[PDB]
*Asks:* 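Pasting in a structure now, in C-alpha cells, and then I'll have a few things to ask.
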Amino acid sequence: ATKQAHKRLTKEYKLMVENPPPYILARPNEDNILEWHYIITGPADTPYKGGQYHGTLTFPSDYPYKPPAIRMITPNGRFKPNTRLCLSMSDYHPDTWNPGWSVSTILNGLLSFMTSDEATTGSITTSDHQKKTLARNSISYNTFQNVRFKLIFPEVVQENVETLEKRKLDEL
Ligand SMILES: [Cl-]
Ligand SMILES: [Cl-]
Ligand SMILES: [Cl-]
Ligand code: NA
Ligand code: NA
C-alpha cells in the first residue's frame, strides 16, 4: 500500500476499536491493509434481524483520493453477492468522494442503504420471506461455506458454532 494509505487505514482501525460502530465489525486483512472485511449484524426491526452479513471494502492503490469497492459476500436478498455496490460513498462515485470520510461512516452508509429499499446497481429484488430465510441461514453460510470468513474471522466462526449448537439443542 502507499505509506499514506497505510497510515490512514491503520488509524481508521484504531478509531473503530476505540468507538465501535453499532451493528458493524470491520478490520483489515492482516496481509493487505487495502482489503477490509466487515460483518453487519442485521438490525432487529428489519427482515435482516438475526442475520450475519460478511463483505469487503477494497481500497484502491490511490486511496485516500479514490473510494473503495464495496461488496457483500453472505447471501442476503438485498445485494447480489460478490458484486460492487453503487452507493453514495463507493467507487461508483469518485466524482463526489470525500477523502475525509471515516471507515465507520462508509460502513454506516452501506448499512443505512441496505435497510432502505432504494434501487441501485448491485441491488436485487426479493420477498420478505426470502430475506428472513437468508438471515436465518447466514450464520451457517459463514461458518461452513465461506472460506474467506473462516480465514479472516476464525474467532467468530467459534462463536457461530456455539450459536448453532444452542439453536439445534434448545429446539430439539
Ligand atoms: Cl485499474
Ligand atoms: Cl453521478
Ligand atoms: Cl455523485
Ligand atoms: Na491473524
Ligand atoms: Na497472514
Side-chain angles (χ1 to χ4, degrees), residues 1-46 48-76 78-79 81-94 96-116 118 120 122-123 135 138-139 141-143 146-163:
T2 67
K3 297 166 185 182
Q4 180 189 17
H6 177 273
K7 179 177 177 57
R8 176 61 180 289
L9 292 167
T10 294
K11 174 57 170 316
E12 290 290 336
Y13 178 65
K14 179 177 177 47
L15 291 170
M16 296 186 77
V17 170
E18 285 172 346
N19 285 111
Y23 302 107
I24 304 168
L25 178 78
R27 61 180 173 247
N29 186 326
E30 291 165 55
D31 295 326
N32 176 9
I33 189 58
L34 297 176
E35 179 184 296
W36 289 48
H37 293 252
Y38 65 78
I39 304 174
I40 283 168
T41 297
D45 208 18
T46 78
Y48 315 106
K49 176 179 177 298
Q52 181 189 73
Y53 303 100
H54 172 211
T56 56
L57 312 175
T58 305
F59 295 93
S61 65
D62 53 333
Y63 185 76
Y65 302 96
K66 185 72 64 57
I70 305 187
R71 302 180 175 91
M72 195 167 273
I73 296 164
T74 309
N76 62 87
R78 181 63 168 115
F79 304 126
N82 298 306
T83 298
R84 292 170 48 248
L85 304 178
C86 172
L87 303 164
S88 294
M89 298 182 281
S90 76
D91 68 355
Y92 291 85
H93 296 289
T96 46
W97 170 249
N98 189 330
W101 288 327
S102 71
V103 175
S104 286
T105 288
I106 297 167
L107 288 168
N108 277 340
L110 170 60
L111 173 58
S112 178
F113 192 86
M114 173 185 198
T115 66
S116 86
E118 187 163 308
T120 195
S123 73
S138 62
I139 288 181
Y141 183 90
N142 293 332
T143 304
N146 183 345
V147 171
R148 290 170 286 173
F149 186 98
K150 302 190 244 172
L151 290 171
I152 298 293
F153 298 114
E155 81 284 6
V156 184
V157 171
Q158 293 185 1
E159 288 182 349
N160 286 356
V161 165
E162 188 73 39
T163 293

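Sequence positions, counted from 1, serve as the residue numbers for this chain. Hydrogens, waters and symmetry mates play no part in the numbers below; they use all other heavy atoms, side chains included.
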*Asks:* What's the spacing between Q158 CD and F153 CZ if we round to 0.5 Å?
*Replies:*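 Atom-to-atom, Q158:CD and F153:CZ are 14.5 Å apart.
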*Asks:* A side-chain contact here means heavy atoms from C-beta on lying under 4.5 Å apart; do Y141 and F149 qualify?
*Replies:*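 No; the side chains remain at least 4.5 Å from each other.
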*Asks:* Would you please test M16 and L107 for side chain to side chain contact (heavy atoms under 4.5 Å, CB included) and show each step?
*Replies:* CA-CA 11 Å; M16 296 186 77; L107 288 168; 4.2 Å; yes
*Asks:* State, with a plain yes or no, whether a side-chain heavy atom of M114 is found less than 4.5 Å away from one of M72.
*Replies:*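 Yes, their side chains come closer than 4.5 Å.
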*Asks:* When you compare the side chain of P75 with that of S138, does any pair of heavy atoms fall below 4.5 Å?
*Replies:*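 No; the side chains remain at least 4.5 Å from each other.
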*Asks:* Side-chain contact test, heavy atoms from C-beta onward, threshold under 4.5 Å: evaluate it for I39 versus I24 and give yes or no.
*Replies:*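 In short, these two side chains do not touch, never coming nearer than 4.5 Å.
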*Asks:* With distance as the sole criterion, is a donor-acceptor pair present between the side chains of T120 and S123 under 3.5 Å?
*Replies:*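 Their side chains do not contain a donor-acceptor pair, so the 3.5 Å distance test is not met.
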*Asks:* With a sphere of 6.0 Å drawn around CD of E155, does it hold more than 12 non-hydrogen atoms of other residues, nucleotides or ligands?
*Replies:*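 Counting other residues, nucleotides and ligands, CD of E155 exceeds 12 neighbours.
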*Asks:* Give me the one residue out of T41, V156, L25 that meets side chain to side chain contact (heavy atoms under 4.5 Å, CB included) with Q52.
*Replies:*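 By the side chain to side chain contact (heavy atoms under 4.5 Å, CB included) criterion, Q52 pairs with just one of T41, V156, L25: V156.
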*Asks:* Within the 4.5 Å heavy-atom criterion, are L111 and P43 side-chain neighbours or not?
*Replies:*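 Touching, per the 4.5 Å side-chain cut-off.
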*Asks:* Can you tell me how far apart CD1 (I40) and NE2 (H54) are? Round to the nearest 0.5 Å.
*Replies:*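 It comes to 11.0 Å.
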*Asks:* On a heavy-atom basis, which atom in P99 and which in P64 lie closest, and how many Å separate them?
*Replies:*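 Taking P99 first and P64 second, the nearest heavy atoms are CB-O, 3.2 Å.
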*Asks:* Any heavy-atom pair between the side chains of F79 and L110 that's under 4.5 Å?
*Replies:*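 Heavy-atom side-chain distance check passes, below 4.5 Å.
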*Asks:* Hey, is NE2 on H6 packed in by over 12 heavy atoms from elsewhere, all under 6.0 Å?
*Replies:*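 Open.
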*Asks:* So, taking the atom named CG in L9 and the one named CZ in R27, what distance separates them when rounded to the nearest 0.5 Å?
*Replies:*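 Between atom CG of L9 and atom CZ of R27 there are 15.5 Å.
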*Asks:* Would you please classify the geometry between the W101 ring and the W97 ring as parallel, tilted or perpendicular, with 30° and 60° separating the classes?
*Replies:*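 Judged by the thresholds at 30° and 60°, the geometry between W97 and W101 is perpendicular.
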*Asks:* Should the heavy atoms of other residues, nucleotides or ligands under 6.0 Å from CG of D45 be counted, would the total exceed 12?
*Replies:*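 Atom CG in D45 is not crowded, with 12 or fewer foreign heavy atoms closer than 6.0 Å.
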*Asks:* What is the distance from atom NZ of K66 to atom CG of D91, rounded to the nearest 0.5 Å?
*Replies:*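 Here the interatomic distance stands at 9.5 Å.
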*Asks:* Go through the steps to decide whether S102 and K11 satisfy the test side chain to side chain contact (heavy atoms under 4.5 Å, CB included), and finish with yes or no.
*Replies:* CA-CA 10 Å; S102 71; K11 174 57 170 316; over 6 Å; no
*Asks:* Begin with the C-alpha distance, continue with both residues' side-chain angles, and end with the deciding distance and a verdict on side chain to side chain contact (heavy atoms under 4.5 Å, CB included) for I33 and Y63.
*Replies:* CA-CA 11 Å; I33 189 58; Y63 185 76; over 6 Å; no
*Asks:* Can any side-chain N or O of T46 pair as donor or acceptor with the backbone N or O of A44 at less than 3.5 Å?
*Replies:*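 Looks like no, no N/O pair under 3.5 Å.
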*Asks:* To the nearest 0.5 Å, tell me how far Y65 OH sits from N98 CG.
*Replies:*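 Atom-to-atom, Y65:OH and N98:CG are 12.0 Å apart.
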*Asks:* List the steps and the verdict of side chain to side chain contact (heavy atoms under 4.5 Å, CB included) for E12 and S104.
*Replies:* CA-CA 8 Å; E12 290 290 336; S104 286; 5.9 Å; no
*Asks:* Evaluate whether atom OH of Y92 has more than 12 neighbouring non-hydrogen atoms of other residues, nucleotides or ligands under 6.0 angstrom away.
*Replies:*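 Check passes, neighbour count above 12.
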*Asks:* Closest approach of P60 and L34, non-hydrogen atoms and distance?
*Replies:*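 Looking at all heavy atoms of both residues, the shortest contact is O-CD2, 4.0 Å.
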*Asks:* Do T58 and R71 have side-chain heavy atoms sitting under 4.5 Å apart?
*Replies:*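 Yes, side chains in contact.
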*Asks:* Mark yes when over 12 heavy atoms from residues, nucleotides or ligands other than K49 sit less than 6.0 Å from its NZ; otherwise mark no.
*Replies:*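 No - once you tally the heavy atoms of other residues, nucleotides and ligands closer than 6.0 Å, there are 12 at most.
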*Asks:* Under the 3.5 angstrom rule, does the side chain of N76 hit a backbone N or O of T74 as a donor-acceptor pair?
*Replies:*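 Yes.
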*Asks:* Quick one, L85 and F113 - any side-chain contact, counting heavy atoms below 4.5 Å?
*Replies:*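 Answer no - side chains too far apart.
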*Asks:* Just by distance, do the side chain of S90 and the backbone of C86 share a donor-acceptor pair under 3.5 Å?
*Replies:*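 Such a contact is absent between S90 side chain and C86 backbone.
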*Asks:* Measure the NE2-CG distance between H93 and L87 for me, rounded to the nearest 0.5 Å.
*Replies:*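 Output value for this atom pair is 8.0 Å.
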